[PDB]
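# A structural walkthrough
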Amino acid sequence: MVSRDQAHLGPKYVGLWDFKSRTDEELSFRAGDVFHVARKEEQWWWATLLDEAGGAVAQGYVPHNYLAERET
């Protein structure tokens, strides 16, 4: 989805290595899915797995070493 207006920065993120967890510390989703960061910490990064419609679904936090940003 191309964005004509760029008033708010914050592209989608992808990179779960097809890892499915059950705890909150980890995200229960596979790679290929796009997500956005809810909180940026110096230690760990917060991510939220949203459905194809964009509605939030999964919640958790993981290091950038796991998921990589996907600039437009």
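Residues numbered from 1 in each chain as written, not as in the entry; some residues may be left out. Heavy atoms only, no water.

## Some details on the overall build of the chain
Counting its secondary structure elements, the chain contains zero helices and five strands. Secondary structure elements of the chain, listed N to C terminal, follow the sequence β-β-β-β-β. Computed over the C-alpha atoms, the radius of gyration of the chain is 12 Å, within 12% of the 11 Å expected from 2.2 N^0.38 for a compact globule of 72 residues. Across the 72 residues in the chain, those meeting the buried criterion constitute 21%. In the chain, once contacts between residues fewer than 6 apart in sequence are set aside, the share between residues at least 24 apart is 36%. Of the accessible surface of the chain, which amounts to about 6,200 Å², a share of 50% is contributed by carbon and sulfur atoms. Between the averaged position of the 8 positive side-chain charges in the chain and that of its 12 negative side-chain charges there is a distance of 4 Å. (Helix = DSSP H or I, 4+ residues; strand = E, 2+ residues; numbered from the N terminus. Rg over C-alpha atoms; globule rule 2.2 N^0.38 Å. Buried < 20%, exposed > 50% of the residue type's maximum accessible area, 1.4 Å probe, protein only. Contact = heavy atoms within 4.5 Å. Areas by Shrake-Rupley, 256 points an atom, 1.4 Å probe, with all protein chains shown as cover. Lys, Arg positive; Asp, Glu negative; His and termini not counted. Charge placed at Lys NZ, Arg CZ, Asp CG, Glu CD.)

## Here's the deal with the nonpolar core
By size, the foremost hydrophobic cluster in this structure holds nine residues: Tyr 13, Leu 16, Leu 27, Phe 35, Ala 47, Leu 49, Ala 58, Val 62 and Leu 67. Apart from the residues lying within four places of it in its own chain, the contact partners of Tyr 13 are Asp 33, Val 34, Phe 35, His 36, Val 37, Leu 67, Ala 68, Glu 69 and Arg 70. (Core = buried A, V, L, I, M, F, W, Y, C linked by side-chain atoms within 4.5 Å.)

## Focus: the pairing of strand β2 (residues 35-40)
Judged from the five bridges that link them, β2 and strand β3 (residues 45-50) form a sheet pairing that is antiparallel. By the bridge assignment, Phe 35 is partnered in β3 with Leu 49. Counting the residues between successive antiparallel strands, the hairpin from β2 to β3 contains four residues. (Pairing = 2+ DSSP bridges.)

Function cannot be read off these values alone, since they describe shape.
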